[PDB]
Ligand SMILES: [Cl-]
Ligand SMILES: [Zn+2]
């Protein structure tokens, strides 16, 4: 029923188009769309820690850990086929997860299709 | 002996310590005066990051030396 637009053939696109911002997510407790961490236990997506001087995120991911005890979280936008930034609230350090692929797959995430943001 | 620490804002705080105090002890002293938890602190002396488990004398930190406090960054 739909017809080809009379503009399709000669549509004038801008010469210097600011490549649209890569896709993303949003903390489920605030408006942050950057510095987001997905907890590997429940798949919650929350923002990074707030630092003493006010920099950082809004502390939602760490508060989630305090409440649940779920230790691992991966930083969205850092996932590539070779790995990703994973933090352990438990061990207080960035760690490696040999089973990251399975862990991410658990929530319907193809660790191979993800692109570093 | 007294040593000075430049805070995140550039302010100067003074601490009473001994050459044998550990970096952990020092960070505890900083929490007492500035309110920043030790695990959120990162201390630098003459460009060198001070490590827990080491003492002030290990870094040749003496009377009236000045340390620099910066944020210890971490994920999560
Ligand atoms: Cl969004
Ligand atoms: Zn948030």
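Cβ sites come from the backbone with ideal geometry, for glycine too, and all protein chains shown count toward neighbours. Values quoted throughout were computed directly from the atomic coordinates according to the rules given, and no laboratory measurement underlies them.
Here are A:65, A:89, A:51: which of them is touching a helix residue (DSSP H, G or I) at 6+ places or on another chain (Cβ under 9 Å), within 16 Å of ligand 2 (Cβ to nearest atom) and either in contact (Cβ under 8 Å) with a residue 24 or more places away in the chain or away from every other protein chain (no Cβ under 12 Å) (or both)?
None of the other options fit; the residue is A:89.
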Examine region B:16-32 for a residue that is within 12 Å of another protein chain (Cβ to nearest Cβ) and free of Cβ contacts under 8 Å to residues at least 40 places away in the same chain, and state whether such a residue exists. yes
When every residue in region A:59-112 that is in a strand (DSSP E or B) and out of contact with any strand residue (DSSP E or B) (no Cβ under 9 Å at 6 or more places or on another chain) is compared, the one surrounded by the fewest Cβ atoms within 10 Å (Cβ to Cβ) is A:80
Taking the criterion of being touching a strand residue (DSSP E or B) at 6+ places or on another chain (Cβ under 8 Å), within 11 Å of chain B (Cβ to nearest Cβ) and within 14 Å of ligand 2 (Cβ to nearest atom), would at least one residue in region A:16-35 satisfy it? yes
If we ask which residues in region B:44-70 are within 14 Å of another protein chain (Cβ to nearest Cβ) and touching a helix residue (DSSP H, G or I) at 6+ places or on another chain (Cβ under 7 Å), their number turns out to be 2
Over region B:17-50, the set of residues within 13 Å of residue B:70 (Cα to Cα) and surrounded by 18 or more Cβ atoms within 10 Å (Cβ to Cβ) is B:27, B:30, B:36, B:41, B:43, B:45, B:50
In the set A:43, A:77, A:24, the lone residue that is in contact (Cβ under 8 Å) with a residue 60 or more places away in the chain and within 16 Å of ligand 1 (Cβ to nearest atom) is A:24
